Amino acid sequence: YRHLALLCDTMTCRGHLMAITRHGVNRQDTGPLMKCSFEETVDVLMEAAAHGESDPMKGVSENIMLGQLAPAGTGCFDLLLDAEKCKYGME
Amino acid sequence: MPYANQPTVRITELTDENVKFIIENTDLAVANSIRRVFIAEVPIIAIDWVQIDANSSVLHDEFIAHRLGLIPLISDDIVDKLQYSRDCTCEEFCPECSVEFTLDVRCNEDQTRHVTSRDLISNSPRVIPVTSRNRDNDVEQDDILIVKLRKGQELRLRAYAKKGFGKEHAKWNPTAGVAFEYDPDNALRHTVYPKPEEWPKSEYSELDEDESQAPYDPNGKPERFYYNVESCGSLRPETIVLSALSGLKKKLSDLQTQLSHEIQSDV
Amino acid sequence: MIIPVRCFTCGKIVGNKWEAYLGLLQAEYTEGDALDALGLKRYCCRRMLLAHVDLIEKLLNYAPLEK
Amino acid sequence: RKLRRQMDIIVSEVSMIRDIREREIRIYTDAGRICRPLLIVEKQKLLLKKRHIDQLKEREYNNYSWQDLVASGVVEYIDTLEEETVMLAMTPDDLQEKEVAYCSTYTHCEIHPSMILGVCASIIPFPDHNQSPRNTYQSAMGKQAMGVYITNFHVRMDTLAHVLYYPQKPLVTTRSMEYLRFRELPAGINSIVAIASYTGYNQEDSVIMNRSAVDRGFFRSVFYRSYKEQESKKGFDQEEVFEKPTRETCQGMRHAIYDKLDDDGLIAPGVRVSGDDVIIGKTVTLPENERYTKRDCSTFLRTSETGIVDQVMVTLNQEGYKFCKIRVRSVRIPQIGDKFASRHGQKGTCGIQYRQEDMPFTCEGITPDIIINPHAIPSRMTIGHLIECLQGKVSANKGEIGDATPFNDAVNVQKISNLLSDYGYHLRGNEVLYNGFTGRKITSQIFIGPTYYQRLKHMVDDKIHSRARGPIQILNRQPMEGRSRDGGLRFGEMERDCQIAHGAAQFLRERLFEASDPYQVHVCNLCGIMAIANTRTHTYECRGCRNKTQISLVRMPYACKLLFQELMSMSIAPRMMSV
Amino acid sequence: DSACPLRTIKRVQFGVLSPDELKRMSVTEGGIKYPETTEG
Amino acid sequence: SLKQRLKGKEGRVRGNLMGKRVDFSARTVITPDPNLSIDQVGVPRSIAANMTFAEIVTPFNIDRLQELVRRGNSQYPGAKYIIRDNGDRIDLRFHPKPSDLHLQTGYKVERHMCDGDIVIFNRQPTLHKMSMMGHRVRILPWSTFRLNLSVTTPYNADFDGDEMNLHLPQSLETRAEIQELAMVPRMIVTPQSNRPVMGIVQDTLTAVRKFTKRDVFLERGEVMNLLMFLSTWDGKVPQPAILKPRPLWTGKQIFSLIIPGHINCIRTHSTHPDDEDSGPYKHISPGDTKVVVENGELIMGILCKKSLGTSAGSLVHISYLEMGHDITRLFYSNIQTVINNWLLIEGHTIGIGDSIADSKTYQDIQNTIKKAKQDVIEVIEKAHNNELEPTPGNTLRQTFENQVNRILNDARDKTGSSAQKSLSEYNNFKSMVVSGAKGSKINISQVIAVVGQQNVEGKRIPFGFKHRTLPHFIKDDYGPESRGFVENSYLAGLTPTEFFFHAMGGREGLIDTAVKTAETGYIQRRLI
Amino acid sequence: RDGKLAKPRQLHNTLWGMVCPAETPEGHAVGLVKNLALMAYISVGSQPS
Amino acid sequence: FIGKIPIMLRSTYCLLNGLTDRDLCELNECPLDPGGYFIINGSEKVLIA
Amino acid sequence: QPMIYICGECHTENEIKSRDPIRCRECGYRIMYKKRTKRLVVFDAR
Amino acid sequence: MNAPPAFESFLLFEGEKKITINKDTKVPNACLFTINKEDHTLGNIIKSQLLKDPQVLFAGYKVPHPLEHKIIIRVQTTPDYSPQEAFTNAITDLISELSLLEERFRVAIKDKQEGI
Ligand SMILES: [Mg+2]
Ligand SMILES: [Mg+2]
Ligand SMILES: [Zn+2]
Ligand SMILES: [Zn+2]
Ligand SMILES: [Zn+2]
Ligand SMILES: [Zn+2]
């Protein structure tokens, strides 16, 4: 039930009954790089240029395109290093 | 070593092309292993080096080389005095690890020139003639139409024959068909016939016409293993069986000497 | 393309029994009796001759490039 | 009709369709009507009589042919529009006799129903016992088998060829084979198959093939490729010539062994070419202005093609230049991977090759050459495979090529079974087998018999790709085909989606950045325009802001770099803003 | 290399490329004016 | 025209940016290998001598990696490149004296792939998450990939020429990611359907069905030979079921030594009488139908697809849930090995002896098919007499077709039931269908029974030949033989009209396969 | 587009003895590429005078 | 002269139309090759109906 | 001994040089085949 | 082409050892024997003669992969008899069996050839 639930909830989330296709993502707030992939990269790119938009690069396809660790999966978190624990670890 | 078998063997046919022998009071493992050394590890001499320096036949070079290496070679008593071409202290051949062959045939007549075994001329008289050239003092017997070639076509090759097991190639496979059968009346029920009546009755069966199987023998086990080897001419049947037994003895003795080195090398 | 030197299944040298087989066929012998007469007594050693295209004959009708 | 059955209107396709209720007569005389020969039935009685069959039987001595049969008015050509006005019988033996009357006015009669099948579907024996999709799959695979494709293959120089060493006629043959000339140019071998589950290496459409068999010639084949090379002279002084490019005294040797080439520039027949071998040597001349004037343009053989040279031809084409064709012969033994398929729509790959000592064996030393799995039969209902094995057993024993004409009421399974029991075997065709590994009898009795298998031209040595770090493209710097066979595998949108589903950001990063197109670009923190001028004197500088201190490093695909540059070239400024 | 070890792009701002910025950023000083590739 | 360089497929954004071509990839045909664990693939030596893996020289690996550098590209286990501290790559083939090459801490040594490396294995079209699982390699010589049989169900792979792609991760982070996220033991239970995605497959399945029968008795040599094959074994032979007259181990005992840990389960074999659970003998089954795994030991039952393959609550499923991925992936390579070596003693076949039934049943089939045709003629006579009344809500053609189709389908079903009751326990069709390996009851019917009505587009064969179906039938022939019905079996041949009609029926299946192949990834792309 | 989407891939009762019912590419061109039956002959053409 | 019409092999206007088996072999041609393919630039072409 | 070619229809060794009118003597046929090499090649009879 | 030469199935490679001997810690008196470059010809006879003893509690063999050339034999014996002794006694029993059989077969061949 999880999967039917999530798909139906994604379709019926903005109040509309959105055609969950390219027609759907054209009517969202996704950035220029996302819609760059779908149909006509150059037209959406030029429209976003003349207007001066920005792609927050929080999506997955954008980070995958620009060759960076996608914000989801193993990349959702960031790792640090610990010094006090590295004391307990001579060799 | 108080746990050995004392087998008994009796023969029923000793034609110059097959032997038929019943090995009694033996385990099934040993019978199947004797069969496997018939088919796999009896040493025979066969061609394993061809150099075709003139070929106009409609068959290409690899074809003639293959079809020629599958010629059987009389390897009766000159396989125990030959050494595997790897353990020879020589370079790629010598009269101790090889038998040089030559072939030279061209068709200058109109009618097709069937190139046969007879055309292969060897370097050693008794050591190897090509079989089907057994003798003339005692049928076409062209051990193969190795190539048929018309006017203008020639064939010149130079073949060397080494010694080999049958696990290396089917060339060095002495036996044509090794027949095997135990419990021909199905007493042990190692096969469970549905409708046991439709099944034909074995040549070695000892059963009346009305009965189909034998009654269940709960305590018994395989014994009286039946055989029928055949030969591709390359080695007489009796010699095939004797060399199989000698080869199994050699295998087991080499295993024992290496095991002794290993046990004594370890603590 | 030419009668195989050995039965694929039972290793029996079958390449020598083809011209004799054609001879027996042009001798009024039937195929079963011709195969039994040549000693072939199994499926495999019999299918080598019973089903064999001898194409080297229709392939020898072409002239050779070397004279 | 009385005229078309002798001669005034061409006895060939001049159809006459009288549509009774509609009240029309439609006479067609034009090209493109598929006609069909059908006998004639006048008053529930054929027009064909024994006199015609006897005259046709003595064909070579007479001058009586099919045309004399059509002139006699016993066979006429019915096209399709005329077919909807005729009442046919399939067999005269019935459907022309008396019972509760189905039809008392027949008009024609089929010669033999097995003529509805085409060429590649007349090969399959007992095609009425198989499922129809399997019959189509056989019509497909039967066009991909190996055999003597034509007799004059030694004087053909074709781009790709395949000649099976020892092909065989089928043992269970359809009677419409002597017209496709299959007994003359066959495409398979009559292997001894056994539908057993021996050891597991034949599951999910796989076969266990006897290694001793394949080592005695079973299903060997040659692969005759044929390369081509023209000697062009396109521009003046831009002459290309066949000649062994020796060394300096010519430039561009490309570091390969030219020992093979004869003085002409072509390798000799019988020289074992390999991967790093040159087969043809050309030396095009420089423009003579601005080493000698001879560059090097020599044909290189790819490692996916190895073998021995068979023919070398030299001649003038229709464009007039000199022009050669070499032929490289390669002998293929069947090994793990190659596709074999029966005539009944069952394809498999050899998964392991056991030796004769290791295969099963009957009481008489017969070992199977192939062991196909039983699980192939039920979901596919190829019950023409089983019957083919049975008929092949009866045939190999008897001595006559069995008859498997599709619609024949005199070939019943029961009759084949009785014929087989007349020769000392189990009537259904099963036999008691043994296990070559141990010797013990296999409990169930394995179905064994001679079936007709084929070697398809999908050999695995033509399918292996492997790219570690190879030729890169000039524009995109994405992977690209090279000398060795592999140029890469696409990591498409579906695989990207699957790796998204897994949650592996790092592996997806590797596949789409670091295994295809890695790059570093210097970018200005102030203006995202990457037009930094990095230098190995360590001077990072951004013309456009007069700023040499605020440059940062950014890793991104050279594809993304090329995209942002092709955008900048349209006055669209992509700004990689690292802040 | 040593230029602020790699930072990851967090935003990509789009805009039209002004003439002044393009002139300053260009590496051809005068601008390309000879349609031929190479003379000597 | 730059705008065209940046355009649709084979463009930049979609072609060269989203889906690229990748290094460290291979592709060759798949061939079975029952002797490999479910987490292993068999790579040939060429693909392994081509692909490499950058390994850093820590003072642990230094001697081994210098030996590898010494070996060179020529021998198989070697190295292709050595990458120094600054990042400058050295080619191990073009060094004049390769012995002088000394490696320090921090250098990389790109070494040929060797047994133990992790690779991601993919079968196009990659539909679900379980189509890029990761395995360990095992370099065994012949030029085809080799993967276990229980792993064919996930990939939807059959070894009839399929090629499968191998990607070799090239860093420790990615190797660890694939090891702890995407390995095939960790992907048995799919989140899509709460089910195990990979269960025991056809040959081992028929073998375990024949092996868990209560009449299978092994003896000393056989039990030792089988115990030799299961990798998780204490080493203690269990005391046999039958002790005297002769030590005889039963099959369920040896199978109890491959059930992992203490698993408690209850299932139901396919041939379970529905009223067996209601009367007496509810827990002492007279046909071994009821499977009861109580404390790791198979107390009673006969195993099938409903008990150890791709189903909810299965022995494999609760094996996973209760005992973890590693023990479960050992639970697949023990069943396969043990039962697939016992199959050498038992053996499995299929022959014409199974596509035949006894004469009484063939006469019963023919009698039913005669009655069915007479009743169709009766309906046709009621229709031509205008005494047929339209069923509520349908025309007269519709009620006529409904009645004739109901008669024909009841005929096929009763014919098939008689066919299936004509079988013997030794029949192999029945073994493969009551096991679960392959084939349905409808196939046992179609081999010895009527083939059945051939529907095209959901209707009987149309009057496409101007009021007839073929020129051999007379006009207005609604009878069975005239619009599809194939009364003959597959063993008894098909009359020429029935063969053309069966072809007309199967062409629709081929077209359906073509359209489904065309639509495979449509919904998935659209809503990803 | 000349053939107005009349289902061309299906086997038609009209193909009896004119086209093989069991020979067609199993890929995308299913039912489109048909092979000729064994006794099927195409009309060559004759003037109707 | 107005051109060169390609010739279908083993048609009535080929150099192979009325030649026997031995003659075909002397011209190095397979006596079983059917005909019905043009030779255009060395590659055989068949015209699908 | 220069490159020895064979005529496809008169079957004569022609022996022409690098620069050559690739036609054959006494029979003007342009199709010519090269002669097998004289370096030995060794076939394992298997 | 990744196709092994056929001579690998019976020839030792570089210094690989013909027979190696480990000890498995699962049960008291067991001992694994890796026989290299052999097959079932030498496996099942050793197994079926290691099994006619009254002191060998476990004799069995395995060819771990049919594309590799290796067998493993596992011998667990009573606390008196060692596995090494059981293996060596089995090999001597088999050699004595085959020697007897060879002599019997020579006698039988000669009898059939002449005495009949
Ligand atoms: Mg598939
Ligand atoms: Mg499959
Ligand atoms: Zn020597
Ligand atoms: Zn044979
Ligand atoms: Zn800036
Ligand atoms: Zn000439």
# chains A, B, ... in the order shown; residues from 1 in each chain; ligands from 1
$ residues_near_ligand --ligand "ligand 6" --cutoff "10 Å" --atoms "only C-alpha atoms and all ligand atoms" --output "PDB file with N, CA and C atoms, in the first residue's frame"
ATOM      1  N   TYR I   5      51.926 -13.929 -58.714  1.00  0.00           N
ATOM      2  CA  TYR I   5      50.473 -13.910 -58.742  1.00  0.00           C
ATOM      3  C   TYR I   5      49.955 -14.968 -59.707  1.00  0.00           C
ATOM      4  N   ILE I   6      48.685 -15.341 -59.574  1.00  0.00           N
ATOM      5  CA  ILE I   6      48.086 -16.406 -60.377  1.00  0.00           C
ATOM      6  C   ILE I   6      46.855 -15.810 -61.055  1.00  0.00           C
ATOM      7  N   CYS I   7      46.670 -16.125 -62.331  1.00  0.00           N
ATOM      8  CA  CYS I   7      45.522 -15.627 -63.070  1.00  0.00           C
ATOM      9  C   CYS I   7      44.311 -16.484 -62.746  1.00  0.00           C
ATOM     10  N   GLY I   8      43.158 -15.854 -62.579  1.00  0.00           N
ATOM     11  CA  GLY I   8      41.990 -16.570 -62.127  1.00  0.00           C
ATOM     12  C   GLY I   8      41.384 -17.481 -63.171  1.00  0.00           C
ATOM     13  N   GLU I   9      41.809 -17.347 -64.427  1.00  0.00           N
ATOM     14  CA  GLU I   9      41.154 -18.086 -65.497  1.00  0.00           C
ATOM     15  C   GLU I   9      42.120 -18.842 -66.402  1.00  0.00           C
ATOM     16  N   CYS I  10      43.380 -18.422 -66.485  1.00  0.00           N
ATOM     17  CA  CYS I  10      44.355 -19.226 -67.211  1.00  0.00           C
ATOM     18  C   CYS I  10      45.371 -19.868 -66.279  1.00  0.00           C
ATOM     19  N   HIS I  11      45.385 -19.469 -65.011  1.00  0.00           N
ATOM     20  CA  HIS I  11      46.109 -20.176 -63.956  1.00  0.00           C
ATOM     21  C   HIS I  11      47.614 -20.199 -64.213  1.00  0.00           C
ATOM     22  N   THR I  12      48.187 -19.045 -64.529  1.00  0.00           N
ATOM     23  CA  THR I  12      49.611 -18.937 -64.804  1.00  0.00           C
ATOM     24  C   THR I  12      50.271 -18.019 -63.791  1.00  0.00           C
ATOM     25  N   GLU I  13      51.397 -18.465 -63.238  1.00  0.00           N
ATOM     26  CA  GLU I  13      52.220 -17.638 -62.367  1.00  0.00           C
ATOM     27  C   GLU I  13      52.787 -16.469 -63.153  1.00  0.00           C
ATOM     28  N   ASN I  14      52.493 -15.247 -62.725  1.00  0.00           N
ATOM     29  CA  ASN I  14      52.793 -14.088 -63.550  1.00  0.00           C
ATOM     30  C   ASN I  14      53.995 -13.288 -63.065  1.00  0.00           C
ATOM     31  N   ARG I  23      47.193  -6.501 -65.125  1.00  0.00           N
ATOM     32  CA  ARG I  23      46.741  -7.474 -66.112  1.00  0.00           C
ATOM     33  C   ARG I  23      47.691  -8.661 -66.170  1.00  0.00           C
ATOM     34  N   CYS I  24      47.217  -9.788 -66.690  1.00  0.00           N
ATOM     35  CA  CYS I  24      48.033 -10.986 -66.840  1.00  0.00           C
ATOM     36  C   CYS I  24      48.537 -11.131 -68.267  1.00  0.00           C
ATOM     37  N   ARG I  25      49.637 -11.854 -68.442  1.00  0.00           N
ATOM     38  CA  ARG I  25      50.165 -12.107 -69.769  1.00  0.00           C
ATOM     39  C   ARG I  25      49.435 -13.282 -70.408  1.00  0.00           C
ATOM     40  N   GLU I  26      49.393 -13.261 -71.735  1.00  0.00           N
ATOM     41  CA  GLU I  26      48.803 -14.277 -72.613  1.00  0.00           C
ATOM     42  C   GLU I  26      47.319 -14.481 -72.327  1.00  0.00           C
ATOM     43  N   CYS I  27      46.784 -13.753 -71.352  1.00  0.00           N
ATOM     44  CA  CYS I  27      45.361 -13.760 -71.036  1.00  0.00           C
ATOM     45  C   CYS I  27      45.069 -12.495 -70.241  1.00  0.00           C
ATOM     46  N   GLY I  28      44.350 -11.557 -70.847  1.00  0.00           N
ATOM     47  CA  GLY I  28      44.309 -10.223 -70.287  1.00  0.00           C
ATOM     48  C   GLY I  28      43.402 -10.048 -69.090  1.00  0.00           C
ATOM     49  N   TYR I  29      43.263 -11.061 -68.245  1.00  0.00           N
ATOM     50  CA  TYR I  29      42.313 -10.963 -67.144  1.00  0.00           C
ATOM     51  C   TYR I  29      42.915 -10.230 -65.953  1.00  0.00           C
ATOM     52  N   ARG I  30      42.147  -9.282 -65.434  1.00  0.00           N
ATOM     53  CA  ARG I  30      42.594  -8.405 -64.363  1.00  0.00           C
ATOM     54  C   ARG I  30      42.539  -9.094 -63.005  1.00  0.00           C
ATOM     55  N   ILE I  31      41.631 -10.054 -62.836  1.00  0.00           N
ATOM     56  CA  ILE I  31      41.506 -10.741 -61.557  1.00  0.00           C
ATOM     57  C   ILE I  31      42.686 -11.670 -61.365  1.00  0.00           C
ATOM     58  N   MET I  32      43.457 -11.431 -60.310  1.00  0.00           N
ATOM     59  CA  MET I  32      44.630 -12.237 -60.022  1.00  0.00           C
ATOM     60  C   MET I  32      44.720 -12.506 -58.527  1.00  0.00           C
TER      61      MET I  32
END
$ residues_around --residues "residue 12 of chain C" --least-positions-apart "4" --cutoff "10 Å" --atoms "only C-alpha atoms" --output "number ranges by chain"
B: 174-177, 230-233; C: 5-8, 40, 44-45
$ residues_around --residues "segment 97-114 of chain D" --least-positions-apart "4" --cutoff "6 Å" --atoms "only C-alpha atoms" --output "list in words"
residues 38, 39, 40, 41, 86, 87, 88, 89 and 90 of chain D
$ write_last_selection --atoms "C-alpha atoms" --output "mmCIF file, in the first residue's frame"
data_model
loop_
_atom_site.group_PDB
_atom_site.id
_atom_site.type_symbol
_atom_site.label_atom_id
_atom_site.label_comp_id
_atom_site.auth_asym_id
_atom_site.auth_seq_id
_atom_site.Cartn_x
_atom_site.Cartn_y
_atom_site.Cartn_z
ATOM 1 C CA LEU D 38 -5.804 -26.168 -56.773
ATOM 2 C CA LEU D 39 -7.295 -29.279 -58.332
ATOM 3 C CA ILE D 40 -10.766 -29.378 -59.886
ATOM 4 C CA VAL D 41 -13.738 -31.389 -58.646
ATOM 5 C CA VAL D 86 -15.160 -21.983 -54.231
ATOM 6 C CA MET D 87 -15.763 -24.860 -51.825
ATOM 7 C CA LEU D 88 -12.575 -26.809 -51.161
ATOM 8 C CA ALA D 89 -11.751 -30.214 -49.770
ATOM 9 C CA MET D 90 -8.435 -30.649 -48.001
#
$ residues_near_ligand --ligand "ligand 2" --cutoff "12 Å" --atoms "only C-alpha atoms and all ligand atoms" --output "PyMOL selection string"
(chain D and resi 202-206+347-348+373+375-376+379) or (chain F and resi 30-32+148-162+201-203+437-438)
$ select_by_dssp --residues "chain H" --states "strand (DSSP E or B)" --output "JSON, numbers by chain"
{"H": [38, 39, 40, 43, 44, 45]}
$ residues_around --residues "residue 412 of chain F" --least-positions-apart "2" --cutoff "10 Å" --atoms "only C-alpha atoms" --output "number ranges by chain"
F: 365, 368-369, 372, 406-410, 414-418, 442, 445-446, 449-453, 485, 487
$ residues_near_ligand --ligand "ligand 3" --cutoff "8 Å" --atoms "only C-alpha atoms and all ligand atoms" --output "PyMOL selection string"
chain B and resi 83+85-98
$ residues_around --residues "residue 10 of chain A" --least-positions-apart "5" --cutoff "12 Å" --atoms "only C-alpha atoms" --output "list in words"
residues 3, 4, 5, 15, 16, 17, 18, 19, 20, 21, 24 and 25 of chain A; 527 and 528 of chain F
$ write_last_selection --atoms "N, CA and C atoms" --output "short mmCIF file (atom, residue, chain, number, x, y, z; two decimals), in the first residue's frame"
data_model
loop_
_atom_site.label_atom_id
_atom_site.label_comp_id
_atom_site.auth_asym_id
_atom_site.auth_seq_id
_atom_site.Cartn_x
_atom_site.Cartn_y
_atom_site.Cartn_z
N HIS A 3 3.25 2.17 -1.85
CA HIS A 3 3.63 2.71 -3.14
C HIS A 3 2.45 3.34 -3.85
N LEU A 4 1.30 2.67 -3.85
CA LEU A 4 0.09 3.31 -4.37
C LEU A 4 -0.21 4.58 -3.60
N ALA A 5 -0.05 4.54 -2.28
CA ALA A 5 -0.31 5.70 -1.45
C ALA A 5 0.58 6.86 -1.86
N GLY A 15 -3.47 20.23 -4.89
CA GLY A 15 -4.86 20.55 -5.08
C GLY A 15 -5.40 20.23 -6.45
N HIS A 16 -4.61 20.45 -7.50
CA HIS A 16 -4.98 20.09 -8.85
C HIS A 16 -5.01 18.58 -8.98
N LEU A 17 -5.37 18.13 -10.17
CA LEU A 17 -5.18 16.74 -10.57
C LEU A 17 -4.16 16.77 -11.69
N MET A 18 -2.89 16.81 -11.31
CA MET A 18 -1.83 17.10 -12.27
C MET A 18 -1.49 15.87 -13.09
N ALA A 19 -1.40 16.06 -14.40
CA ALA A 19 -0.90 15.02 -15.27
C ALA A 19 0.55 14.73 -14.91
N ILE A 20 0.80 13.56 -14.34
CA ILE A 20 2.12 13.29 -13.78
C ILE A 20 3.01 12.84 -14.93
N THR A 21 3.57 13.83 -15.63
CA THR A 21 4.35 13.65 -16.85
C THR A 21 5.26 14.86 -16.99
N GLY A 24 3.34 17.80 -16.12
CA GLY A 24 3.30 18.11 -14.70
C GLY A 24 4.49 18.95 -14.26
N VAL A 25 5.70 18.52 -14.61
CA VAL A 25 6.89 19.22 -14.15
C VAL A 25 7.01 20.59 -14.82
N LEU F 527 6.78 8.44 -14.51
CA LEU F 527 6.56 8.86 -13.13
C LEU F 527 7.77 8.65 -12.22
N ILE F 528 8.96 8.43 -12.77
CA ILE F 528 10.19 8.80 -12.08
C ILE F 528 10.57 10.23 -12.38
#
$ interface_residues --of "chain I" --to "chain D" --cutoff "8 Å" --atoms "only C-alpha atoms" --output "PyMOL selection string"
chain I and resi 3+17-18+22+30-37+39+41+46
$ closest_atom_pairs --of "chain E" --to "ligand 5" --cutoff "12 Å" --atoms "only C-alpha atoms and all ligand atoms" --output "CSV"
residue,atom,partner,partner_atom_place_in_ligand_line,distance
E:21,CA,ligand 5,1 (Zn),9.2
E:22,CA,ligand 5,1 (Zn),11.3
E:24,CA,ligand 5,1 (Zn),10.2
E:25,CA,ligand 5,1 (Zn),8.7
$ closest_atom_pairs --of "chain C" --to "chain I" --cutoff "8 Å" --atoms "only C-alpha atoms" --output "JSON lines"
{"residue": "C:65", "atom": "CA", "partner": "I:11", "partner_atom": "CA", "distance": 5.6}
{"residue": "C:66", "atom": "CA", "partner": "I:11", "partner_atom": "CA", "distance": 5.6}
{"residue": "C:67", "atom": "CA", "partner": "I:11", "partner_atom": "CA", "distance": 5.7}
$ interface_residues --of "chain I" --to "chain B" --cutoff "8 Å" --atoms "only C-alpha atoms" --output "PDB file with N, CA and C atoms, in the first residue's frame"
ATOM      1  N   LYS I  38      55.527 -19.091 -48.328  1.00  0.00           N
ATOM      2  CA  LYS I  38      56.494 -20.164 -48.180  1.00  0.00           C
ATOM      3  C   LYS I  38      57.065 -20.246 -46.775  1.00  0.00           C
ATOM      4  N   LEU I  40      56.603 -21.508 -43.082  1.00  0.00           N
ATOM      5  CA  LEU I  40      55.836 -22.642 -42.591  1.00  0.00           C
ATOM      6  C   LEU I  40      54.829 -22.189 -41.546  1.00  0.00           C
ATOM      7  N   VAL I  41      53.644 -22.783 -41.593  1.00  0.00           N
ATOM      8  CA  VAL I  41      52.634 -22.621 -40.557  1.00  0.00           C
ATOM      9  C   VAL I  41      52.348 -23.997 -39.982  1.00  0.00           C
ATOM     10  N   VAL I  42      52.143 -24.064 -38.673  1.00  0.00           N
ATOM     11  CA  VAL I  42      52.025 -25.337 -37.973  1.00  0.00           C
ATOM     12  C   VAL I  42      50.632 -25.432 -37.377  1.00  0.00           C
ATOM     13  N   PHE I  43      49.909 -26.483 -37.746  1.00  0.00           N
ATOM     14  CA  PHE I  43      48.559 -26.724 -37.265  1.00  0.00           C
ATOM     15  C   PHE I  43      48.602 -27.861 -36.261  1.00  0.00           C
ATOM     16  N   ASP I  44      48.175 -27.590 -35.036  1.00  0.00           N
ATOM     17  CA  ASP I  44      47.878 -28.676 -34.122  1.00  0.00           C
ATOM     18  C   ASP I  44      46.701 -29.463 -34.672  1.00  0.00           C
ATOM     19  N   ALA I  45      46.900 -30.767 -34.862  1.00  0.00           N
ATOM     20  CA  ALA I  45      45.911 -31.584 -35.551  1.00  0.00           C
ATOM     21  C   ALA I  45      44.595 -31.645 -34.784  1.00  0.00           C
ATOM     22  N   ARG I  46      44.536 -31.033 -33.611  1.00  0.00           N
ATOM     23  CA  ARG I  46      43.302 -30.996 -32.846  1.00  0.00           C
ATOM     24  C   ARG I  46      42.494 -29.753 -33.190  1.00  0.00           C
TER      25      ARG I  46
END
$ interface_residues --of "chain E" --to "chain D" --cutoff "10 Å" --atoms "only C-alpha atoms" --output "ChimeraX atom specification"
/E:1-27,40
$ interface_residues --of "chain J" --to "chain B" --cutoff "6 Å" --atoms "only C-alpha atoms" --output "ChimeraX atom specification"
/J:6-7,41,44-45,89,93,95,97
$ residues_around --residues "residue 37 of chain C" --least-positions-apart "5" --cutoff "10 Å" --atoms "only C-alpha atoms" --output "PyMOL selection string"
chain C and resi 21+24+29+31-32
$ write_last_selection --atoms "N, CA, C and O atoms" --output "compact mmCIF listing (two decimals), in the first residue's frame"
# COMPACT_ATOMS: atom_id res chain seq x y z
N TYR C 21 29.88 -48.19 -48.79
CA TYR C 21 28.45 -48.01 -48.60
C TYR C 21 27.76 -47.61 -49.90
O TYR C 21 26.70 -48.15 -50.24
N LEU C 24 27.56 -50.69 -52.06
CA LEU C 24 26.46 -51.58 -51.71
C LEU C 24 25.12 -51.00 -52.11
O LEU C 24 24.21 -51.74 -52.49
N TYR C 29 21.38 -53.53 -52.46
CA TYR C 29 21.22 -53.62 -51.02
C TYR C 29 20.39 -52.46 -50.50
O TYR C 29 20.52 -51.32 -50.96
N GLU C 31 19.25 -49.89 -47.30
CA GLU C 31 20.11 -49.11 -46.43
C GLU C 31 20.30 -49.79 -45.08
O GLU C 31 21.40 -49.76 -44.51
N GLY C 32 19.27 -50.45 -44.57
CA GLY C 32 19.42 -51.18 -43.33
C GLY C 32 20.39 -52.34 -43.46
O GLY C 32 21.29 -52.51 -42.63
